[PDB]
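**Student:** Sharing model-v8.cif (mmCIF, C-alpha atoms) below.
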data_work
#
loop_
_atom_site.group_PDB
_atom_site.id
_atom_site.type_symbol
_atom_site.label_atom_id
_atom_site.label_comp_id
_atom_site.auth_asym_id
_atom_site.auth_seq_id
_atom_site.Cartn_x
_atom_site.Cartn_y
_atom_site.Cartn_z
ATOM 1 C CA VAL Y 3 75.278 54.924 115.320
ATOM 2 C CA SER Y 4 75.306 58.266 117.050
ATOM 3 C CA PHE Y 5 76.393 60.036 120.170
ATOM 4 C CA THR Y 6 75.669 63.122 122.206
ATOM 5 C CA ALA Y 7 77.721 66.224 121.641
ATOM 6 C CA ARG Y 8 77.539 69.448 123.612
ATOM 7 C CA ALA Y 9 78.523 71.925 120.924
ATOM 8 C CA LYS Y 10 80.895 74.643 121.963
ATOM 9 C CA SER Y 11 80.390 77.888 120.114
ATOM 10 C CA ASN Y 12 77.732 78.643 117.480
ATOM 11 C CA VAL Y 13 77.900 75.804 114.976
ATOM 12 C CA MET Y 14 76.695 76.588 111.476
ATOM 13 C CA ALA Y 15 75.242 74.107 108.987
ATOM 14 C CA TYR Y 16 77.543 72.642 106.341
ATOM 15 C CA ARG Y 17 80.619 73.826 108.172
ATOM 16 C CA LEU Y 18 83.499 71.610 109.066
ATOM 17 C CA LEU Y 19 83.619 70.621 112.699
ATOM 18 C CA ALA Y 20 86.131 69.246 115.140
ATOM 19 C CA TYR Y 21 85.785 67.508 118.479
ATOM 20 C CA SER Y 22 87.187 68.241 121.871
ATOM 21 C CA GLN Y 23 86.376 67.473 125.456
ATOM 22 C CA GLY Y 24 85.725 69.392 128.622
ATOM 23 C CA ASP Y 25 83.423 68.637 131.528
ATOM 24 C CA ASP Y 26 82.386 65.307 130.050
ATOM 25 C CA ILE Y 27 80.361 65.263 126.833
ATOM 26 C CA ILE Y 28 82.354 65.734 123.648
ATOM 27 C CA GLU Y 29 82.431 69.344 122.562
ATOM 28 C CA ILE Y 30 81.911 70.432 118.997
ATOM 29 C CA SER Y 31 83.177 73.546 117.304
ATOM 30 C CA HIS Y 32 84.181 74.691 113.888
ATOM 31 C CA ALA Y 33 87.359 73.062 112.745
ATOM 32 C CA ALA Y 34 90.491 75.183 112.874
ATOM 33 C CA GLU Y 35 91.948 76.460 109.606
ATOM 34 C CA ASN Y 36 94.433 74.268 107.658
ATOM 35 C CA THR Y 37 93.717 70.857 109.129
ATOM 36 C CA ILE Y 38 91.527 67.784 109.001
ATOM 37 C CA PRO Y 39 87.936 68.210 110.309
ATOM 38 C CA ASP Y 40 86.008 65.515 112.059
ATOM 39 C CA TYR Y 41 82.345 66.213 111.246
ATOM 40 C CA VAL Y 42 80.010 68.205 109.016
ATOM 41 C CA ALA Y 43 77.210 70.187 110.529
ATOM 42 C CA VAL Y 44 73.813 69.302 109.188
ATOM 43 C CA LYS Y 45 72.100 72.033 111.088
ATOM 44 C CA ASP Y 46 72.858 75.093 113.140
ATOM 45 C CA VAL Y 47 73.670 74.336 116.787
ATOM 46 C CA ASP Y 48 73.722 76.822 119.659
ATOM 47 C CA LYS Y 49 76.834 77.290 121.822
ATOM 48 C CA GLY Y 50 75.930 74.988 124.748
ATOM 49 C CA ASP Y 51 73.252 72.945 123.006
ATOM 50 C CA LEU Y 52 73.308 69.169 123.160
ATOM 51 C CA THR Y 53 72.813 67.311 119.931
ATOM 52 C CA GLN Y 54 73.638 64.161 118.031
ATOM 53 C CA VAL Y 55 76.483 63.159 115.834
ATOM 54 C CA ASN Y 56 75.270 60.760 113.218
ATOM 55 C CA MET Y 57 78.048 58.316 112.683
ATOM 56 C CA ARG W 114 92.838 59.916 110.399
ATOM 57 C CA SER W 115 95.165 62.325 112.181
ATOM 58 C CA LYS W 116 96.286 65.704 110.902
ATOM 59 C CA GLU W 117 100.132 65.615 110.674
ATOM 60 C CA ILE W 118 101.788 62.112 110.304
ATOM 61 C CA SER W 119 104.967 63.237 112.114
ATOM 62 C CA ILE W 120 107.618 61.296 110.339
ATOM 63 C CA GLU W 121 110.900 60.435 112.084
ATOM 64 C CA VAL W 122 114.508 61.141 111.055
ATOM 65 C CA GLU W 123 115.032 57.635 109.705
ATOM 66 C CA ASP W 124 112.005 58.027 107.354
ATOM 67 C CA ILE W 125 114.093 60.543 105.322
ATOM 68 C CA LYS W 126 115.454 58.151 102.803
ATOM 69 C CA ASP W 127 118.230 60.281 101.271
ATOM 70 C CA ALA W 128 119.550 61.696 104.488
ATOM 71 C CA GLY W 129 123.237 61.041 105.141
ATOM 72 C CA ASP W 130 124.681 59.415 108.259
ATOM 73 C CA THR W 131 126.127 62.668 109.678
ATOM 74 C CA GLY W 132 123.031 64.515 108.470
ATOM 75 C CA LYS W 133 120.713 62.287 110.518
ATOM 76 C CA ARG W 134 122.967 62.580 113.578
ATOM 77 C CA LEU W 135 122.808 66.380 113.312
ATOM 78 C CA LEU W 136 119.032 66.447 112.829
ATOM 79 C CA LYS W 137 118.614 64.430 116.042
ATOM 80 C CA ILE W 138 120.997 66.542 118.083
ATOM 81 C CA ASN W 139 119.553 68.902 120.684
ATOM 82 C CA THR W 140 122.326 71.368 121.525
ATOM 83 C CA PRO W 141 125.222 73.221 119.870
ATOM 84 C CA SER W 142 127.735 71.229 121.944
ATOM 85 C CA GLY W 143 126.255 68.024 120.590
ATOM 86 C CA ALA W 144 126.528 69.386 117.074
ATOM 87 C CA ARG W 145 130.179 70.309 117.568
ATOM 88 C CA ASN W 146 130.916 66.786 118.842
ATOM 89 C CA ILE W 147 129.523 65.386 115.575
ATOM 90 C CA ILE W 148 131.163 67.870 113.177
ATOM 91 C CA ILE W 149 134.681 68.390 114.563
ATOM 92 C CA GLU W 150 136.839 65.270 114.487
ATOM 93 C CA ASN W 151 140.196 66.800 115.447
ATOM 94 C CA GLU W 152 140.193 66.764 119.237
ATOM 95 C CA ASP W 153 142.527 69.761 119.530
ATOM 96 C CA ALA W 154 140.421 71.871 117.181
ATOM 97 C CA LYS W 155 137.256 70.774 119.045
ATOM 98 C CA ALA W 156 138.872 71.824 122.313
ATOM 99 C CA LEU W 157 139.667 75.306 120.914
ATOM 100 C CA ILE W 158 136.116 75.756 119.625
ATOM 101 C CA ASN W 159 134.748 74.640 123.023
ATOM 102 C CA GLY W 160 137.054 77.202 124.714
ATOM 103 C CA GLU W 161 138.508 74.382 126.876
ATOM 104 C CA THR W 162 142.111 73.445 126.111
ATOM 105 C CA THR W 163 144.661 71.408 128.045
ATOM 106 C CA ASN W 164 148.393 72.068 127.761
ATOM 107 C CA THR W 165 148.526 69.117 125.289
ATOM 108 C CA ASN W 166 145.697 70.631 123.219
ATOM 109 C CA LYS W 167 147.559 73.986 123.232
ATOM 110 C CA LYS W 168 150.831 72.389 122.060
ATOM 111 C CA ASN W 169 149.004 70.505 119.335
#
Could you spell out this file's structure in structure tokens?

**Tutor:**
Amino acid sequence: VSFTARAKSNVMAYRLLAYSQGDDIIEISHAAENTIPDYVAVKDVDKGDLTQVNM
Amino acid sequence: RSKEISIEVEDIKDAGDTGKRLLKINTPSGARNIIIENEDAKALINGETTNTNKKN
């Protein structure tokens, strides 16, 4: 399945990502250092750009 | 699958009984209550002595 994510700040492909929340839609950003990431970018995603998370 | 798995005091299998009580304690007064068994000595260390504590 998949769901809509709103990105958060300049996602780069192949980088480790982590989720958060704000206004509504789950926000995606690069995972913080020294922890467990949630998702891997498959493509570059702009700061406030909506996209899909392919679960 | 989380990031930290915050264990609890009783998960530490080779901790001693007093050791676990100390790890759980929040304040220095609580620690002194665990460590000092002689009530007169505890009273001196707490700066709070009765006439009986003083005599002892």

**Student:** Show me, as lines of an AutoDock Vina configuration file, the centre and edge lengths in Å to one decimal of the axis-aligned box that covers every listed atom of stretch 9-27 of chain Y with 4 Å on each side.

**Tutor:**
center_x = 81.2
center_y = 72.0
center_z = 118.9
size_x = 19.9
size_y = 21.4
size_z = 33.2

**Student:** Identify which of the residues Y:29, Y:23, Y:5, Y:35 lies closest to residue Y:47, counting all atoms listed in the file when measuring atom-to-atom distances.

**Tutor:**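 Nearest to residue Y:47: Y:29.
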
**Student:** Would you translate the PyMOL selection byres ((chain Y and resi 10) around 8) into the concrete set of residues it matches in this file, as a ChimeraX atom specification?

**Tutor:** /Y:8-9,11-13,29-31,48-51

**Student:** Could you jot down the atom CA of residue W:145 to atom CA of residue W:161 separation for me, Å, one decimal place?

**Tutor:**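 Between these atoms lies a distance of 13.1 Å.
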
**Student:** Taking only C-alpha atoms into account, what are the residues of chain Y at most 10 Å from chain W, put as a list in words?

**Tutor:**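 For chain Y, the answer reads residues 36, 37, 38, 39 and 40 of chain Y.
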
**Student:** Determine the nearest neighbour of residue Y:21 from the options Y:56, Y:3, Y:41, Y:46, counting all atoms listed in the file.

**Tutor:**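 Result for the nearest residue to residue Y:21: Y:41.
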
**Student:** Applied to this file, what does the PyMOL selection byres ((chain W and resi 147) around 12) return in terms of residues, put as a list in words?

**Tutor:**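 Matching residues under the PyMOL selection byres ((chain W and resi 147) around 12) are residues 130, 131, 132, 133, 134, 135, 136, 137, 138, 139, 140, 141, 142, 143, 144, 145, 146, 148, 149, 150, 151, 152 and 155 of chain W.
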
**Student:** Would you list the residues near (150.4, 66.4, 118.9) (no more than 12 Å away, in the coordinates of the file, using all atoms listed in the file) as a list in words?

**Tutor:**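 So the residues meeting the distance criterion are residues 151, 152, 153, 154, 163, 164, 165, 166, 167, 168 and 169 of chain W.
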
**Student:** Please indicate the distance in Å from atom CA of residue Y:42 to atom CA of residue Y:14, rounded to one decimal place.

**Tutor:**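 Spanning atom CA of residue Y:42 to atom CA of residue Y:14 is a straight-line distance of 9.3 Å.
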
**Student:** Quick check, in Å to one decimal: how far apart do atom CA of residue W:118 and atom CA of residue Y:26 lie?

**Tutor:**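 Calculated distance between atom CA of residue W:118 and atom CA of residue Y:26 is 27.9 Å.
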